[PDB]
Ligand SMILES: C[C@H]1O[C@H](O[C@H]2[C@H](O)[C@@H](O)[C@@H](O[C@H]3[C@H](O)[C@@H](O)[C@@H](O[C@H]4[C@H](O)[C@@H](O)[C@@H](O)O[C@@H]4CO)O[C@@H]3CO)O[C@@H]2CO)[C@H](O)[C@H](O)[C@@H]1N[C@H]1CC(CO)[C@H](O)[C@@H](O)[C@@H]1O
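First comes one chain, alone, set out as C-alpha cells in the form solved without this ligand.
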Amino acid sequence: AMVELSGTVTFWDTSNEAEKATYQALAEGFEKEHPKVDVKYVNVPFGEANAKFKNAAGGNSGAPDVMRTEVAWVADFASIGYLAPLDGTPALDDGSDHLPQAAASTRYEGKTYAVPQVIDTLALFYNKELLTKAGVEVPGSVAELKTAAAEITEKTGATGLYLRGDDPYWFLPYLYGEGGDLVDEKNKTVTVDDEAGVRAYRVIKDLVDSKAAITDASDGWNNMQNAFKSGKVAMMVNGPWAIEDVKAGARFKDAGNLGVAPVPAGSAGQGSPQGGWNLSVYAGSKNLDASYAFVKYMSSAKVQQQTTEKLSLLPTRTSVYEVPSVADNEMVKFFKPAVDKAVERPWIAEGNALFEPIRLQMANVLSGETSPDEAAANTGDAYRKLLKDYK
C-alpha cells in the first residue's frame, strides 16, 4: 500500500467567457487519476487576477494553491515572494518538450517558478485579395513592406499597413527588427537607447511619413480593426485574439481571404513579442505536493492537445504540434510561423513597467513632437530610473 495524493487544490483560472467551461472540465479531470484530491476551480477575470492574487497572498489568506500566470507575471509574483520554487520538484517532470521562449518565461533569477501552458505573439495579417490584385508577395521586411504598400496603393487605393501607434506592445516588432531589445539582464544594462532603439523609433515614423502606413493617437484598437476589416489598409500586425473579429469584417466574408505571416524583419533582425500563460504554485500553499502534480497535469501534452482542439489556444509543447488535429487547427496554421519568431521578454520584476515609457515616446515620435534619438534617450532614462541598479 502507498498513499495517494489528497487534500484541496484551489486553482484560479483567468480564461475568458468562451474558454472557462472547458478549462474547468480540464482542471476537474485531475480528479479522475487522483480521486482523493478536491479540485476547486475558480474563474477570475484576467484584468482583475494580478491584484486579486497579490492581495490574497499579501494578507496570508484565501490565496489559491495554483495560479494561472501571464508570462510577465511569473517574475512579478516571484519577485515579491509569492511563488513556490519548482526546481527539484515533481512539477517539472515534462521537461525539454517546451518551446524555448515558453520555458524561459518560467524562470526568475536562476530558479523555476512556473510551468508553461499556452503561447501567443504578434503577426502580420494581410488581405489576400488586395495583395493579389496589386501583384505583390507578403513582405518579409520593412523595406519590402514599403514597396508592397506603394504597389497596393497604386493598384487599389488602400494604404499598405495600419501601424498601431497607441499601444507599446506593437512597438516591439520594430525594435526586434532592428536587432534591439529593452535590457540586458545578464549585464544589468539598459539597451533600449542603443542605436537599434533609435532606428526602431525612426522606422515607425518613416512608415507613416512615406505613406506606407497610417496610424492614430487614440482608439487604436478600433481604428486598426476597422481599417483592416474594411480594406482601408491591406495589412496590420495583431494577435490570435483578433481572428474572430477579422472574420466578421466586410472584406472577410470568405475567411480564405485572410493570411497571417510572421512580423516583418527590420534592418538587423526579425522578431515579435511573446505572450501567453503559465501555471504557478503559491509559495504558502498547504498542499504543495498535490499542486506540483496538478500543474504537471495541466501542462501535460494531453491537456495541451485538448486545449487546442477545444479552444484553439497555442500549445507550448513541441510534441503537441505534431498531433494531426493540432497541426491542422486554424489558429495553429495561422500562427505557428509567427510563434517561431517570438522574442523573450526581460524576465524581471519590472518587466511590465517597461511598457509605459515606450508608449509615451512612440506617441510623441508619431505626432512629430520628438525625434527618434530623443525618444530613445527618454526611454533609456526612464528605464534607468525604474531599474535603479542597471547601467
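Throughout, we count residues from 1 along the sequence that is shown.
As for the form solved in complex with this ligand, it is not shown, yet the points below apply to it.
- When this ligand is superposed onto this form from its pose in the bound PDB entry, none of its atoms lies within 2.4 Å of a backbone or C-beta atom, and the site is open.
- Proximity to this ligand in the bound PDB entry, defined as a heavy atom within 4.5 Å, singles out one entry of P139, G266, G220, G276, which is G276.
- Only one of the listed residues (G179, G231, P168, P262) places a non-hydrogen atom within 4.5 angstroms of this ligand in the bound PDB entry, and that residue is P168.
- Of the candidate stretches 59 to 67, 352 to 360, 319 to 327, 28 to 36, only 352 to 360 has residues whose heavy atoms lie within 4.5 Å of this ligand in the bound PDB entry.
- By the criterion of a heavy atom within 4.5 Å, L86 is excluded from the residues contacting this ligand in the bound PDB entry.
- At a distance threshold of 4.5 angstroms between non-hydrogen atoms, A102 is out of contact with this ligand in the bound PDB entry.
- At least one heavy atom of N16 is located within 4.5 Å of this ligand in the bound PDB entry.
- Residue contact check for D97: none of its heavy atoms lie within 4.5 Å of this ligand in the bound PDB entry.
- No residue in the set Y297, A301 and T307 has a non-hydrogen atom no more than 4.5 Å from this ligand in the bound PDB entry.
- Residues are counted as partner-facing when one of their heavy atoms sits within 4.5 Å of this ligand in the bound PDB entry; in 48 to 80 these are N50, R68, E70, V71, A72, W73, in sequence order.
- Compared with the form shown, the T22-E244 C-alpha separation decreases in the bound PDB entry, the change being 3 Å or greater.
- CA of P337 to CA of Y126: farther apart by 3 Å or more in the bound PDB entry than in the shown form.
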